[PDB]
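# Examining the three-dimensional arrangement
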Amino acid sequence: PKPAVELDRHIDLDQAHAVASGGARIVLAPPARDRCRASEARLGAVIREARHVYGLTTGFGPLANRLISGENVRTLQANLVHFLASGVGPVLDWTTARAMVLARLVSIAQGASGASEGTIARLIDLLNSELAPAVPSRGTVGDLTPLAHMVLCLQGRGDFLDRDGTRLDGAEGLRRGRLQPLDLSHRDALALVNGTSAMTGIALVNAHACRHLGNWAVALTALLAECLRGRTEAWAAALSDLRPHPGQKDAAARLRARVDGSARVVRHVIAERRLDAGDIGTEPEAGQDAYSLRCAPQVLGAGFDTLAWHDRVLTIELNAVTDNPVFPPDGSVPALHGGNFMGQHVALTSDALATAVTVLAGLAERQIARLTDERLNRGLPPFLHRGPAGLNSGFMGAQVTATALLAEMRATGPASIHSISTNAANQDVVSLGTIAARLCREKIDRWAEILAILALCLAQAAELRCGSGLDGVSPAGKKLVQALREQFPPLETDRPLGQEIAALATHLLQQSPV
Amino acid sequence: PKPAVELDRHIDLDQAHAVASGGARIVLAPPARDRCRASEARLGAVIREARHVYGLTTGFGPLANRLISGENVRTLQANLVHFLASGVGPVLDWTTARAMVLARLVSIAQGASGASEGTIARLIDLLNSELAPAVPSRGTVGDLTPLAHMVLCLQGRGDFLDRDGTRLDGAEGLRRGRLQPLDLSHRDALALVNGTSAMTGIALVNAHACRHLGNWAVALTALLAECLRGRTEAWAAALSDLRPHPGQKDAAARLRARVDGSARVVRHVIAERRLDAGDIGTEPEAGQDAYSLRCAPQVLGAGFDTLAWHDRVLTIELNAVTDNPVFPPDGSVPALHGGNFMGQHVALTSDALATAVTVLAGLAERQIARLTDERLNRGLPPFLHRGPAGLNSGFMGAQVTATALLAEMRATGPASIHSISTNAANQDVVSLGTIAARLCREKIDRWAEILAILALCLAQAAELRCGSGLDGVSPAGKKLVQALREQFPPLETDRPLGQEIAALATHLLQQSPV
Amino acid sequence: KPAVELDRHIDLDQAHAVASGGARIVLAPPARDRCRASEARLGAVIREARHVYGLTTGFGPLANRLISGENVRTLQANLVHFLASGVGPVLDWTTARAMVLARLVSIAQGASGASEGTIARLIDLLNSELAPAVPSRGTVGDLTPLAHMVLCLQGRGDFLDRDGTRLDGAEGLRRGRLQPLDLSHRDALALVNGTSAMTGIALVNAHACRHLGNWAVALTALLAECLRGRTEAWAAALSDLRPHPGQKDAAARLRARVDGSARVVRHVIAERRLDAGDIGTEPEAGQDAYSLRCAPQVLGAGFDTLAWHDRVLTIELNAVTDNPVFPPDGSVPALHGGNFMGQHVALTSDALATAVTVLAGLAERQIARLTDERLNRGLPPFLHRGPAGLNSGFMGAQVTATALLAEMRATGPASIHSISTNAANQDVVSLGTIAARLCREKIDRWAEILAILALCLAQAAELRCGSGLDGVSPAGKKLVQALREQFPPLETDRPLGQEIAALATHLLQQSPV
Ligand SMILES: O=C(O)/C=C/c1ccc(O)cc1
Ligand SMILES: O=C(O)/C=C/c1ccc(O)cc1
């Protein structure tokens, strides 16, 4: 059948991605259902009592000094969704748009948003269907705009996307997915248009993708060592202990496991060798590898620690209530007004992860540059070509493409530093977290393409070095190459590699080598 | 009666775009045809005499040290197109891809490429058709990769694009366009896979778009003055003469022309007024406007001067021969080997223009921020809303979206500074001109979206200030607003503006307010 | 003077105390014992002629050239020589000393083989009032600056006194009562190794950020007292709903700063029940602009970034980033790897730099609002005193704060610029030192922006509450009174440049307490 995630208070990143990707169905646990019913009742009381609350009795933003009569709240909230729907640009992909819906749902599930049962049910239905709302990616300063567009979609006044990205009009979407048109009669519109749902959704997808790419980065570094007689002593646990960064210790341990059983790497500790007068001279190779191999634990490790921080922060954000206003469950006050919608946390972690991804992509790019260079690849053919040299150039084009992809990644920096006072100076500081998460996503995609090129190069190098039978190659190394060869043929003669690179990249983002 | 551009030696940017956009057919002038026939013969002689020439008797890149025998040249060049086809990412748009084809053709028309009549005919046929080759946008470090993909398409081994961007397979493209499959039997493949065609094509399209956006920037700045009682003395010709930057002089003159006949702007020179004792005190407003109006000539002027430099360099590049190797028409030597393919010129001008575009986009964004701010717009409704305030928020959403678009533009910097040694260190320095051109393009697209928002705001602001009859508004101002109103209704009540912003943006990129 | 006893672990505060000269340093007996054990191990490795980088080999790609024992002294002397190609302004006194300390902490773990004399030279330097004069540029991340350090310690390079005044090598040894470094034990690699430079810069960055962060909170609080800020946005209940540690902390500290204030608005707006007659346009909105309302969220994100930066730095500072390294357990004679790759400090420094730029932006917008007559709710334009027009008050300083911020924004992360070098042997580099230095510059700019905000607030508090600061919180009063001891009110326009600079210097070293 299909796994089910029961949402109560906390959901981890893997469960979140399982629901967003449609791998798991979602159910609201009874305790959460009750907390929400209780919050729904508080919203009703707040409205009946005519309490001064943003979005219920006031205009929006700087126009909040304009109070609104109870009789016009339906109109007020309907116009809110209208004026905020100014988004432009390509729509968020299927999984990401759904991840945004999930983020809003989790926040509501805490029971401080006043969302009605019907409203919550509409979100749950969307997540359990095979559809996703079609929402423009640009417009928010960090996430009312994309969420307003989502509202329109859920009402059948906006497009939906199937798993392939093909768009369906509103009516067809509600029909196909058996979704009921969203009804905001309870005046709970602010429960849907609020918080950091978009950036959080984009970021959770980024987190999942990086985990997989990180695994490939490790696996490919290990296979590279098997193709270039890499020295395993640089990956010793003893070194990790002397500089105990968790990410590094982990990267080194994972690299050691990848080459376990290999007869292609050099496992001797050079310091065990005692030299005598006859040894003093110039040896063919230095006693240690170039950094792209020797410093892999340190480079990958730093990236892993950045991702770990990103995920710790994101886990808190995903399970938080980023709504404004909010209705305290304890009933201490009718409502609280603040700025929990300021997505500075996801903005800063996304920018940091973006830098880490660019750094790791650089490592992979240099690994390709070393492996394909006849002067540095220790005996392998130039650009790993087969057939007569000259007539054939092998991966010579693909190698430059990897560099071009990396150079492009470097052209874009952090989004967070570009805050600009807007909304008549009322939003004098903005997070730009949604843009930050999206820019990181792009780099992640480029990284997957660079890794794909490295994987194809390594599959070829492994066969050139060890023969088609991959003699001496580790069990893990053999399985990886064999799996790649199931869909990607050896490069016996020059052929277009663009489509294959794109196809493999898509795979790397969703599955790890195991 | 579809216009025709006769190509001999030189072609300007407007003619180039006319052909690339399909607004004009292209024909090769008699002298050009002859220069090419003569060059074709020179290539035959070079092959006949077995001259040591790159791509004719050698491998590619660092592999050029491997000499190739005449009987294997067909295969050599066939593999060249193959190994180079490692491009990925969204394909270049219809117009840009065709601009690339045109750029290669103009280079060849100088008669130093050795292209055969058939090869030239294939390019001409493509340009005179309604199709464009479907080529991936990423892969080059600056443009063999995208050009190799072009070759495949032209042979019927790659997709094509119709004016709407809908993809056709190789066969369908040749059929629907009534094209002959490209035949490289004359060993003239390097006449197609060479130079800076892609970045040049992308840049010439950027050039055309910037001219139109620049006209809108001037037009909207002028209309803004009519909506805020702007002072025209800051735009006086006398100021331009005191600081003679061509772009500034032009910007000021164009601004004055836009408000000619306006009764909504203040034309009185403040220094003409003589003050008495009873004047000393605090006046309602200062004698000078904020910079977004007062400094428009200087800000727009600097941008225009940047575009002028960009266009001068681009014009030389488009009409030059960026091939390697080349066959001297004067017959001095069989061939010359160098690096005219190094796209550093387009790389630097594209980066400079990208900065200028971001700066000008900032001006527009600040003009929107001021116009929608009730504390700064001198009496206009907050966010130019209609209907009850608070219940309606007008362009409050669109204003923030404009800020978000600008913030995203700023996150991406120059592409040129990221050169990385590649191709086994043979290409130890690369231009990244194609990337630079593409990054500039994206910024141009964001600028158009920001200008569109400003345009919609100004149409509303004009009517709110001067009534639906636009009383006192200049003839140019009236025409622009009336033209907009033909497709974009007034905002009498809040409504989603995303789709309208996108639609208007597409228009601003291809047409100026006239 | 307090003393920090170094055994195995030292925290960031103890580290800065030693680097800043506020505390002496002593190597604990257990550390001295472990180091002596390591010194003995290096001796054996040499006697046994084990194949070890720097002891029997050339450097970098030249390590394939094996070296005979009789030439090792020359080998390591030339190492220090060819690495001394550094250029640029020297690291400041505190930072250069922090670098020396970082190398020492690594050595104290007992896996570097450093001799007692070598260790003594590092301790002597730290206990003196001097710092080695080392150029800040040259390393891709930290052999170059450390090589310069070695030359200084041998009396072949300048020293800096606390004031930054330079002394030649001979004068430095004499004045500081330092003995010339002797590397006869062939333990040069114990000094020219690891990530000491970037770590030292980063720990100084960490200390400065803690203080500026305290000011950012104190000034946000005082801003609330000058603009009738609403405290409900800083409620702990909101923190609990979105439990980021940094945010909860920021909010709590903000509430504490305004405790006792009668100038802030404490009413919870939702308590108010509206009547038909109230419907219309009120003078002010029920919530403050983001520079006040979202302060816990913005400051909080910055504080969580700093916390991550500090966690990673603490591990780095207390680790052994040496290569090669000599295992205390004796499992193998020596290990060869890349613990000198400064990617951790590179990534955290870049991340912190971004956070600093974000927080400086907040401070800058707070100034922009406070000085705007249209937004400061009744305060004079640009907080001037005397006749308006004739006086412009802080109109210049406000633009200056904007200029400082704009400059900060022009520089991005350093880590993404790795370039294959050293004949492709170092095909990937961290650039961690550059990263930490770029972060330091942003920190210096942030201090100047905060200094401007502080001077504006002192004036604004007096204009709003009178010289007696009526209704101002005890903490707010104490902060202004402290500032006023050295910075007079602005009763008439005057040059503020030097005062801004002087105050910024103070903000980096002390918090409002
Ligand atoms: O809470 C606020 O003060 C700001 C609200 C806001 C709502 C819609 C926008 O488009 C911009 C700001
Ligand atoms: O002109 C050169 O030396 C380099 C040529 C080259 C051709 C195809 C590539 O993929 C990389 C470099």
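Looking at the PDB entry, one finds chain C named Putative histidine ammonia-lyase, with Rhodobacter sphaeroides as its source organism. Per UniProt, the comment on chain C under Subunit is "Homotetramer." UniProt, in the comment section headed Sequence similarities, describes chain C in these words: "Belongs to the PAL/histidase family."

The name given to chain A in the PDB entry is Putative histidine ammonia-lyase, with Rhodobacter sphaeroides as the source organism. You can read under Function in the UniProt record for chain A the words "Catalyzes the non-oxidative deamination of L-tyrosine. Has very low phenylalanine ammonia-lyase activity (in vitro)."

All names here are of chain C. Splitting chain C by domain gives domain 1 (1-194) and domain 2 (195-513). Taking the mean C-alpha position of each, domain 1 and domain 2 sit 35 Å from one another. Each partner contributes to the interface: domain 1 provides 44 residues, whereas domain 2 provides 47 residues. Surface buried jointly by domain 1 and domain 2 totals about 3,500 Å² across both partners, of which 61% is contributed by carbon and sulfur atoms. When the buried area of domain 1 at its contact with domain 2 is split by residue, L12, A111 and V140 rank highest and sum to 18% of it. Applying the counting criterion to the domain 1 and domain 2 interface returns three salt bridges. At the boundary of domain 1 and domain 2, one finds 20 residue pairs in polar contact. When contributions to the side of domain 1 that touches domain 2 are tallied by element, the ones reaching two or more residues are helix 1 (12-19), helix 2 (29-47), helix 4 (93-107), strand 5 (135-137) and helix 6 (143-153). The element best represented in the side of domain 1 that touches domain 2 is helix 4, accounting for eight residues.

We now examine the pattern of salt bridges. Applying the stated criterion to the full structure yields 82 salt bridges over all chains. We note a salt bridge from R166(C) to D158(C), for which the minimum N-O separation is 2.9 Å. Residue classification places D158(C) among the partly exposed positions, given a relative accessible area of 25%. Within the structure, one salt-bridge network assembled from shared partners comprises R229(B), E285(B), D289(B) and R378(B).

Bringing the nonpolar core into the picture now. If you look at the biggest cluster of nonpolar residues, it comprises 84 residues, and the most contacted ones within it are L300(A), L371(A), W447(A) and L451(A). No other element matches helix 15 (residues 433-466) of chain A, which puts 17 residues into this core. With near-sequence residues (within four places) excluded, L300(A) lies in contact with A217(A), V218(A), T221(A), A251(A), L255(A), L360(A) and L363(A). In terms of nonpolar packing, the next biggest core, distinct from the first, is built from 82 residues, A216(C), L223(C), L352(C) and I500(C) among them.

Every residue lining ligand 2 is accounted for by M396(A), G397(A), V400(A), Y54(B), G61(B), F83(B), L84(B), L144(B), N423(B), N426(B) and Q427(B). Between an oxygen atom of ligand 2 and a main-chain N or O atom of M396(A), the distance comes to 3.0 Å. Within the contact set of ligand 2, an oxygen atom lies 2.8 Å away from a side-chain nitrogen or oxygen of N426(B). Mapped onto the shell around ligand 2, the elements with two or more residues apiece are helix 14 (396-410) of chain A together with helix 3 (73-84) of chain B. Among the elements that take part in the shell around ligand 2, helix 14 of chain A stands out by supplying three residues, more than any other. For the shell around ligand 2, the class distribution of residues is six nonpolar, five polar and no charged.

Let's shift gears to the sheet that holds strand 4 (residues 132-133) of chain A. All names here are of chain A. Taking strand neighbours across the sheet as the criterion, the three strands line up as 4-6-7 in an open arrangement whose pairing is antiparallel. Of all the strands in the sheet, the pair left with one neighbour each is strand 4 and strand 7 (167-168). Pairing analysis gives two bridges linking strand 6 (residues 160-161) to strand 7, with the strands arranged antiparallel. Residue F160 lies in a different strand from strand 7, and its bridge partner there is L168.

A separate point is the domain arrangement of chain A. Residues and elements named next belong to chain A. Annotation of chain A at the domain level lists domain 1 (1-195) and domain 2 (196-514). Domain 1 puts 44 residues into the contact, and the matching count from domain 2 is 45 residues. In this assembly, domain 1 packs against domain 2 so that about 3,500 Å² is buried in total across both faces, 61% of it on carbon and sulfur atoms. When the buried area of domain 1 at its contact with domain 2 is split by residue, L13, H17 and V141 rank highest and sum to 18% of it. At the surface where domain 1 touches domain 2, the tally comes to three salt bridges. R211 is the partner of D14 in a salt bridge, and the nearest nitrogen-oxygen pair spans 3.8 Å. Counting the contacts that link domain 1 with domain 2 gives 20 residue pairs in polar contact. Broken down by secondary-structure element, the contributors of at least two residues to the side of domain 1 that touches domain 2 are helix 1 (13-20), helix 2 (30-48), helix 4 (94-109), strand 5 (136-138) and helix 6 (144-154). For the side of domain 1 that touches domain 2, the element with the most residues is helix 4, which contributes eight residues.

Attention now goes to the environment of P30(A). Residue and element names in this part refer to chain A. Of note, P30 is situated in helix 2. Look at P30 and you get partly exposed, because its relative accessible area is 44%. C-alpha separation for the pair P30 and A18, spaced twelve residues apart in sequence, amounts to 21 Å.

Listed by partner, the interface residues are 102 residues for chain C and 101 residues for chain A. Between chain C and chain A the total buried area reaches about 9,000 Å² when both faces are included, carbon and sulfur atoms providing 61% of it. When the buried surface of chain C facing chain A is broken down by residue, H51(C), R242(C) and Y290(C) rank first, second and third, together holding 8% of it. There are four salt bridges connecting chain C and chain A. With a closest N to O distance of 2.9 Å, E316(C) and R243(A) form a salt bridge. Across the chain C-chain A interface, the total number found is 49 residue pairs in polar contact.

Relative orientation and spacing of two packed helices are given, respectively, by the angle between their axes and the distance between those axes. Residues and elements named next belong to chain C. Look at helix 13 (residues 343-370) against helix 15 (residues 432-465): their axes get within 8 Å of each other, and the N-to-C directions meet at 20°. As judged from the angle between their axes, helix 13 and helix 15 are roughly parallel. Of the two elements, helix 13 crosses helix 15, and the hand of that crossing is left-handed. Residue composition of the contact of helix 13 with helix 15, grouped by class: 22 nonpolar, four polar and three charged.

Here helix 12 (residues 296-318) of chain A is 23 residues long and its end C-alpha atoms lie 32 Å apart, about the 33 Å a rise of 1.5 Å per residue gives. Burial runs high along helix 12 of chain A: 20 of the 23 residues are buried.

What follows deals with the sheet that holds strand 6 (residues 160-161) of chain B. The three strands lie next to each other as 4-6-7 (chain B), forming an open sheet whose pairing is antiparallel. The open sheet has two edge strands with one neighbour each: strand 4 (132-133) and strand 7 (167-168) of chain B.

This part is about the relation of the copies chain A and chain B. Mapping chain A onto chain B is achieved by rotating through 180° and translating by 0.0 Å along the same axis, at an RMSD of 0.2 Å. The operation mapping one copy onto its partner corresponds to a two-fold rotation axis. Closest approach to the rotation axis within chain A is made by the C-alpha atom of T412(A), at a distance of 2.1 Å. The share of interface residues of chain A whose copies in chain B are also at the interface is 99%, consistent with both copies meeting through the same surface.

As a further point, take the side chain of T196(B). With respect to the helices and strands, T196(B) occurs in the loop between helix 7 (170-176) and helix 8 (197-227). Setting aside anything within four residues of it in sequence, one finds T196(B) in contact with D143(B), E317(B), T322(B), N340(B), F341(B), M342(B) and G343(B).

The next subject is a nonpolar patch on the surface. All names here are of chain B. A cluster of nonpolar residues, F341, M342 and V429, forms a patch on the protein surface that exposes about 230 Å² of accessible area. Mapping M342 onto the fold places it in the loop between helix 12 (296-318) and helix 13 (344-371). Assessed through its relative accessible area of 30%, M342 is described here as partly exposed.

Criteria and thresholds
Residues numbered from 1 in each chain as written, not as in the entry; some residues may be left out. Chains lettered and ligands numbered in written order. Part of a larger assembly, values for the part shown. Heavy atoms only, no water. UniProt positions renumbered as here; feature names shortened; annotations may be inferred. Domains from an automatic or database assignment. Contact = heavy atoms within 4.5 Å. Buried area = accessible area lost by both parts, 1.4 Å probe. Salt bridge = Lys/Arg side-chain N within 4 Å of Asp/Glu carboxyl O. Polar contact = N/O pair within 3.5 Å; in protein donor to acceptor, adjacent residues only side chain to side chain. Helix = DSSP H or I, 4+ residues; strand = E, 2+ residues; numbered from the N terminus. Buried < 20%, exposed > 50% of the residue type's maximum accessible area, 1.4 Å probe, protein only. Core = buried A, V, L, I, M, F, W, Y, C linked by side-chain atoms within 4.5 Å. Near = heavy atom within 4 Å. Nonpolar A, V, L, I, M, F, W, Y, C, P; charged D, E, K, R; others polar. Pairing = 2+ DSSP bridges. Axes fitted to C-alpha atoms, helices over the stretch in contact; angles between N-to-C directions. Parallel < 35°, antiparallel > 145°, perpendicular 65-115°, else oblique. Left-handed = near helix turned anticlockwise from the far one by under 90°. Expected span 1.5 Å × (residues − 1). Least-squares fit on C-alpha atoms. Patch = residues over 30% accessible without salt bridge, like charges linked within 9 Å, V, L, I, M, F, W, Y side chains within 5 Å. Areas by Shrake-Rupley, 256 points an atom, 1.4 Å probe, with all protein chains shown as cover.

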